Amino acid sequence: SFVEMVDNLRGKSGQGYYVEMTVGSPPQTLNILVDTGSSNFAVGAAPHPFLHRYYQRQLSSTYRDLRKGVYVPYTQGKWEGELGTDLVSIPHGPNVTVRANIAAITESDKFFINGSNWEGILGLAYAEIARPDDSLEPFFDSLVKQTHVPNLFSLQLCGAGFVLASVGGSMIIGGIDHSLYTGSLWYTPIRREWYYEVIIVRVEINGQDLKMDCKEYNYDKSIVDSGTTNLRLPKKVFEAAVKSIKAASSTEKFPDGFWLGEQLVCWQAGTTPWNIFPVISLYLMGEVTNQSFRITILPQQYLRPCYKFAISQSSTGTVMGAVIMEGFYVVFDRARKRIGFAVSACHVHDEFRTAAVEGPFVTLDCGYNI
Ligand SMILES: CN1C(=O)[C@@](c2ccccc2)([C@]23C[C@H]4C[C@H](C[C@H](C4)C2)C3)N=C1N
């Protein structure tokens, strides 16, 4: 039953969402970040100043060494680990246990987050981007293969809403929980199975079309990534977006340090002039060629709590992260190579606007080949 997976996600604002998992025998309890933007099940497996718990392979009777190291450098930092398998469960997920690949993180740099309360990450993307290579079967692949769990999962990230603020959410594994969304689910095709890649065909700020060649929206790719807090946009699209948002909220302006996601902006006790900030609609390619649908997000989503501007620039394509997912119920339909969006039952909104998922919208080549 999906009811037992509701609210199985926790986290601190901007520090990601984690689900509780157990690894090894006896079950070692660990909080594991849900990451649709990577493909490795990787867990702290050695002491670390930010870690209060970690995976201890020696304490596990069911641990099996793969005798193989793995080195994962990335832009912001890195982590190194040792490959092995062990029994893995999600106490508030499917009532199953699977033998999955586990990257035991023995050393890392700027990977773990102070006070985040998670001790590892669950890469939910595809084998193509797994480390060291695509032969290391990702967790969800192992789960589907070893169990009767449907090849599909869905994320309802709720955020906070009215010490870093606490967020809640749900990861429904193996199906769709209809109590988690209202209205209709709209599907955009997963362009290719590595990241969860999609195509954005149009963008609007307060109804105003950005009027850009749609290739710019997906340059060099667009992905859905729960492991990213912000909505991240390619340079050219980011600037056009910020310009439009600066204009719409012209009435009393802010420091450019705020627009850069650096500085924060403060009112007090529900005096925030939400109405001054525009809505943002991303049109995603529909399942039918010349069709599309839009998801519309409020300032309550892209201003995260005093608030920070949760829209930032990208040199690696569009990243639809938490702040865009938080308005909606997102279905990662791997079995049908598509991603569904629907208005979330928990999305934050005032009494004049609401996050929306609306389609269809017709057009009369938006992908960035590879
Ligand atoms: C964009 N992104 C990352 O940089 C991160 C990552 C980097 C390298 C390997 C695997 C995953 C990361 C995961 C977690 C949360 C956040 C900071 C840090 C730790 C890297 C994103 N996961 C996402 N989606």
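The numbering scheme counts residues from 1 along every chain following its written sequence, independent of the entry's numbering, with residues that lack coordinates not shown. Note that water and hydrogens are dropped before the side-chain values are worked out from all heavy atoms of the structure. Residues with missing side-chain atoms are left out of burial classes, side-chain pairs and their counts.

**Some words on the overall build of the protein**
Part 1 of the argument: Broken down by element type, the protein carries five helices and 25 strands.
Part 2 of the argument: The quantity called the radius of gyration is restricted to C-alpha atoms. Its globule counterpart is 2.2 Å times the number of residues to the power 0.38. Expected size for 370 residues packed as a compact globule is a radius of gyration near 21 Å; at 20 Å, the protein falls within 12% of this value.
Part 3 of the argument: Across its three principal directions, the C-alpha atoms of the protein cover 65 × 45 × 40 Å. Strands here mean DSSP runs of E at least two residues long; helices mean DSSP runs of H or I at least four residues long; both are numbered from the N terminus.

**A short note on the site of the ligand**
Part 1 of the argument: Consider each residue's heavy atoms; a residue with any of them within 4 Å of a molecule or strand counts as near. Around the ligand, a shell composed of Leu33, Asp35, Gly37, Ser38, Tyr74, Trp79, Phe111, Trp118, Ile121, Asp225, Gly227 and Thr228 is seen.
Part 2 of the argument: Pairs of N or O atoms within 3.5 Å make up the polar contacts considered here, provided that, within protein, one atom can donate a hydrogen while the other can accept it, and that residues adjacent in sequence are counted only when both atoms are side-chain atoms. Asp35 is positioned such that a nitrogen or oxygen atom in its side chain is 2.7 Å from a nitrogen atom of the ligand.
Part 3 of the argument: Here a nitrogen atom of the ligand sits 2.6 Å away from a polar atom, N or O, in the side chain of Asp225.
Part 4 of the argument: Using a 1.4 Å probe, the Shrake-Rupley method yields the accessible areas, and only the shown protein chains count as cover for residues. Here the ligand loses 78% of its free accessible area of 470 Å² to cover by the protein chains.
Part 5 of the argument: Residues of the shell around the ligand, tallied by class, amount to six nonpolar, four polar and two charged.
Part 6 of the argument: Split by domain, the shell around the ligand shows at least three residues from each of two domains, domain 1 (17–149) and domain 2 (150–370). Throughout this entry, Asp, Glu, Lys and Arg are counted as charged residues, while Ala, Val, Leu, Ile, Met, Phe, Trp, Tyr, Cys and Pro are counted as nonpolar. The remaining residues, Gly among them, count as polar. For the domain bounds, the source is a domain assignment made automatically or taken from a database.

**Overview of the domain arrangement of the protein**
Part 1 of the argument: The domain boundaries assigned to the protein delineate domain 1 (17–149) and domain 2 (150–370).
Part 2 of the argument: One C-alpha centre belongs to domain 1, the other to domain 2, and the line joining them spans 27 Å.
Part 3 of the argument: Any two residues whose heavy atoms approach within 4.5 Å are treated as being in contact. Each partner contributes to the interface: domain 1 provides 20 residues, whereas domain 2 provides 27 residues.
Part 4 of the argument: Accessible area that two parts lose when put together, evaluated with a 1.4 Å probe and summed over both, is termed the buried area. Of the roughly 2000 Å² buried at the junction of domain 1 and domain 2 (both faces included), carbon and sulfur atoms supply 64%.
Part 5 of the argument: Counting the surface domain 1 buries against domain 2, the share from its top three residues, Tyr17, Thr36 and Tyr126, is 42%.
Part 6 of the argument: For this document, the term salt bridge refers to a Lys or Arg side-chain nitrogen within 4 Å of an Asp or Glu carboxyl oxygen. The interface formed by domain 1 and domain 2 holds two salt bridges in total.
Part 7 of the argument: A salt bridge links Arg334 to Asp141; the nearest nitrogen and oxygen atoms lie 3.4 Å apart.
Part 8 of the argument: Those elements giving two or more residues to the side of domain 1 that touches domain 2 turn out to be β3 (28–35) and α1 (139–146).
Part 9 of the argument: Among the elements that line the side of domain 1 that touches domain 2, the one with the most residues is α1, at four residues.
Part 10 of the argument: Tallied by class, residues from the side of domain 1 that touches domain 2 come to 13 nonpolar, four polar and three charged.

**Re helix α2 (residues 235–248)**
Part 1 of the argument: The span expected for a helix works out to 1.5 Å for each residue beyond the first. With 14 residues, α2 ought to run about 20 Å at 1.5 Å a step, and its terminal C-alpha atoms sit 20 Å apart, in line with that.
Part 2 of the argument: Buried means the residue's accessible area, taken with a 1.4 Å probe over protein chains only, is under 20% of the maximum for its type, while exposed means over 50%, and partly exposed covers the values in between. Considered for burial, the residues of α2 that qualify are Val237, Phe238, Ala241, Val242, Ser244 and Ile245. Within α2, the buried residues cover an arc of 165° as seen down the axis, which keeps them to one side. When we speak of the arc, we mean the arc of directions from the helix axis to the C-beta atoms.

**Section: the state of the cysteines**
Part 1 of the argument: Throughout, disulfides are identified as pairs of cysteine sulfur atoms within 2.5 Å of each other. Applying the stated criterion across every chain, the model contains three disulfides.
Part 2 of the argument: The disulfide partner of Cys266 is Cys306, and the S-S distance across this bridge is 2.0 Å. As the torsion about the S-S bond is roughly 110°, the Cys266-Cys306 disulfide counts as right-handed.
Part 3 of the argument: For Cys266, a relative accessible area of 40% corresponds to the partly exposed category.
Part 4 of the argument: Shown here for the protein is a disulfide pattern of 1-5, 2-6, 3-4, where each number marks a bonded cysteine counted in sequence order.

**Here we look at the environment of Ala100**
Part 1 of the argument: Secondary-structure assignment places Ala100 in strand β7 (residues 98–109).
Part 2 of the argument: The class for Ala100 is buried, based on a relative accessible area of 0%.
Part 3 of the argument: If sequence neighbours within four positions are ignored, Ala100 has contacts with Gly84, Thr85, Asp86, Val88, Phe139 and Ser142.

**What about the sheet that holds strand β12 (residues 197–198)?**
Part 1 of the argument: One open sheet accounts for five strands, arranged β12-β15-β22-β16-β21; its pairing is mixed. In this open sheet, the two edge strands, each paired with only one partner strand, are β12 and β21 (311–314).
Part 2 of the argument: A pair of strands is treated as paired once DSSP finds two or more bridges between them. Here two bridges tie β12 to strand β15 (residues 222–224), and the two strands are oriented antiparallel to one another. If you follow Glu197 over to β15, its bridge partner there is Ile223.
Part 3 of the argument: Orientation is described by axes fitted as lines to C-alpha atoms, over the contacting stretch for helices, and by angles from 0 to 180 degrees between their N-to-C directions. Relative to the sheet, α2 contacts β16 (231–234) and β21, its axis offset from that of β16 by approximately 115°.

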